[PDB]
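The number in the entry's author numbering is simply the position in the sequence shown, starting from 1, with 562 added. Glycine is no exception: its CB is placed at the ideal position from the N, C-alpha and C atoms. Working notes, structure below.
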Amino acid sequence: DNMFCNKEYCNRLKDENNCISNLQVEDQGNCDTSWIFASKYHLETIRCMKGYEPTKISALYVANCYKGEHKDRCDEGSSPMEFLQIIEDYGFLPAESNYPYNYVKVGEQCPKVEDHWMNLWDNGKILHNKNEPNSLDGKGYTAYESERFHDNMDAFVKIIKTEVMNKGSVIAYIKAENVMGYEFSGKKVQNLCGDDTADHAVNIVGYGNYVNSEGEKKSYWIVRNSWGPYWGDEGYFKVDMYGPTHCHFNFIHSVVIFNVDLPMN
Ligand SMILES: [Ca+2]
Ligand SMILES: [Ca+2]
Ligand SMILES: [Cl-]
């Protein structure tokens with residue numbers, strides 16, 4: 563456990579027995595549903611950390627079940643904030659097996675929950691506790707932006723490492739264009755700047771130290787994508803945590819963590 567994930571190196575995928583290593587990469591297909599895949603994976607790793615089986619959440623249920631005006635669920639992505647609202651409104655997260663994903667079904671009518679379906683949110687609670695001496699906590703999520711940490715990136719890194727260790731992952735936002743280069747196939751540590759904005763949710767799942775092609779000691783994030791297991795390096799990639807020195811923007815735009823109460827299994 564600790565030898566696979568500590569403050570200097572964390573790669574749970576190298577422990578074939580780890581619950582988290584048994585959460586296989588998924589393929590969102592040709593809809594903008596990464597917000598669902600990354601958010602649900604964060605709950606899946608939290609469940610693993612609390613001793614539950616690596617059972618997948620139905621992304622399709624979350625895509626299709628919502629209150630209010632009709633939405634454009636294939637063409638337009640939403641946010642981790644909305645993901646939590648759907649949980650609050652419905653109280654039920656079916657398993658993938660009960661309502662499995664096909665991107666062509668994103669937007670269809672929300673299905674009836676059948677009697678035999680599993681609720682992977684049973685005894686879960688999103689926390690809205692008001693603990694800090696300010697009115698801004700208790701939203702159910704906490705978000706950090708690399709631009710706000712531009713003069714203190716060591717603290718941004720430490721926050722993410724702590725959450726990866728404790729929750730198994732964080733949600734991270736990137737600009738999808740940035741991983742579209744031919745070079746993102748393969749096993750090298752990528753090194754590049756981000757943009758002013760982001761549009762695609764992924765997960766940071768680990769990290770480590772390495773030496774770059776210029777002989778400099780550096781560090782990388784291990785990032786999970788939702789473009790299937792033939793994209794990148796078996797569905798994941800490594801990216802330099804700091805990137806080129808000239809960058810105005812970090813490759814990681816922002817991270818989100820969910821604040822939930824879930825009893826140990
Ligand atoms: Ca760019
Ligand atoms: Ca910006
Ligand atoms: Cl749509």
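Could you tell me if the beta carbon of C627 falls within a distance shorter than 6 Å of some heavy atom in ligand 3?
-> Position 65 of the sequence shown, counting from 1, holds the residue named residue 627. No; taking the cut-off as 6 Å, the Cβ of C627 has no heavy atom of ligand 3 nearer than that.
Tell me the DSSP bridge mates of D637?
-> Against the sequence shown, residue 637 aligns to sequence position 75. Paired residue(s): none; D637 is not in a bridge.
Using the C-alpha atoms, what's the distance from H810 back to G743?
-> Taking the first residue of the sequence shown as 1, we reach residue 743 at position 181. Taking the first residue of the sequence shown as 1, we reach residue 810 at position 248. Taking the straight line joining both Cα atoms gives about 20 Å.
Bounding residues of the alpha helix (DSSP H) (the contiguous stretch that carries residue 523) | One cannot answer for residue 523 here, as it falls past the ends of the chain, which runs 563 to 827.
In whole angstroms, what is the alpha-carbon distance linking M611 and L622?
-> In the sequence shown, counting from the first residue as 1, residue 611 sits at position 49. In the sequence shown, counting from the first residue as 1, residue 622 sits at position 60. Computed Cα separation, rounded: 24 Å.
Leaving out five residues on either side along the sequence, give the residues of the same chain with a beta carbon under 6 Å from the beta carbon of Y571.
-> Position 9 of the sequence shown, counting from 1, holds the residue named residue 571. Correct list, in chain order: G770.
Taking 6 Å as the line, does the beta carbon of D802 fall inside it for any heavy atom of ligand 1?
-> As a first step, residue 802 is located in the sequence shown; it is residue number 240 there, counting from the start. Checking every heavy atom of ligand 1 against the Cβ of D802, none is found closer than 6 Å.
In angstroms, rounded to a whole number, what distance separates the CA positions of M565 and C672?
-> What you label residue 565 is simply residue 3 of the sequence shown in a count that begins at 1. What you label residue 672 is simply residue 110 of the sequence shown in a count that begins at 1. One C-alpha to the other measures close to 43 Å.
Among residues of its own chain, excluding the 5 on either side of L575, which ones have a beta-carbon nearer than 6 Å to its beta-carbon?
-> Within the sequence shown, numbered from 1, the residue matching residue 575 stands at position 13. Cβ within range, chain order: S583.
Near ligand 3: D634 beta-carbon under 6 Å from a heavy atom = The sequence position of residue 634 within the sequence shown is 72, counting from 1. It does: the Cβ of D634 is within 6 Å (strictly closer) of some heavy atom of ligand 3.
If you measure from each residue's Cβ to the nearest non-hydrogen atom of ligand 2, which ones come out under 6 Å, in chain order?
-> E709, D758, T759
Heavy atom of ligand 3 less than 6 Å from the Cβ of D637, yes or no?
-> Numbered from 1 along the sequence shown, position 75 holds the residue referred to as residue 637. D637 Cβ: within cutoff of ligand 3.
In angstroms, rounded to a whole number, what distance separates the CA positions of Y652 and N714?
-> In the sequence shown, the residue the question calls residue 652 occupies position 90. In the sequence shown, the residue the question calls residue 714 occupies position 152. Using only the alpha carbons, I get a separation of about 39 Å.
Closer than 6 Å: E739 CB and nearest ligand 1 heavy atom = As a working note, residue 739 is residue 177 in the sequence shown. Correct: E739 has its Cβ closer than 6 Å to ligand 1.
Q671 (DSSP reduced to helix, strand or coil) | Taking the first residue of the sequence shown as position 1, residue 671 is located at position 109. Correct three-state label for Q671: coil.
Alpha-carbon to alpha-carbon, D716 and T724 = For the purposes of this step, residue 724 is identified with residue 162 of the sequence shown, where counting begins at 1. For the purposes of this step, residue 716 is identified with residue 154 of the sequence shown, where counting begins at 1. Approximately 12 Å, taken between the alpha carbons.
Return yes when the Cβ of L646 is within less than 7 Å of the Cβ of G700, no when it is not.
-> Taking the first residue of the sequence shown as 1, we reach residue 700 at position 138. Taking the first residue of the sequence shown as 1, we reach residue 646 at position 84. It is not a contact, given that the beta carbons lie outside the stated cut-off.
Which word fits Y792, buried or exposed, when buried means at least 16 other C-beta atoms lie within 10 angstroms of its C-beta?
-> On the sequence shown, position 230 is the one that residue 792 refers to. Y792 is exposed by the Cβ-count criterion.
If we call anything under 7 Å between Cβ atoms a contact, is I784 one with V764?
-> Indexing the sequence shown from 1 puts residue 784 at position 222. Indexing the sequence shown from 1 puts residue 764 at position 202. Contact: no.
Relative to the alpha-carbon of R710, which residue among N580, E638, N664, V817 has its alpha-carbon at the smallest distance?
-> If you number the sequence shown from 1, residue 710 lands on position 148. It is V817 whose Cα lies nearest to the Cα of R710.
Within 10 angstroms of the Cβ of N664, are there 16 or more other Cβ atoms? Answer buried if so, exposed if not.
-> What you label residue 664 is simply residue 102 of the sequence shown in a count that begins at 1. When all chains shown are included, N664 counts as exposed.
Coarse secondary structure for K602, derived from DSSP in three states = Numbered from 1 along the sequence shown, position 40 holds the residue referred to as residue 602. It is helical.
Run of the beta strand (DSSP E) containing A625, from where it starts to where it stops = Here the question's residue 625 lines up with position 63 in the sequence shown. Element bounds for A625: not the beta strand (DSSP E) but the alpha helix (DSSP H), 621-626.
Outcome for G794 when other beta-carbon atoms lying within 10 angstroms are tallied against a minimum of 16 | The residue you call residue 794 lines up with position 232 of the sequence shown. With 16 or more Cβ atoms within 10 Å of its Cβ, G794 is classed as buried.
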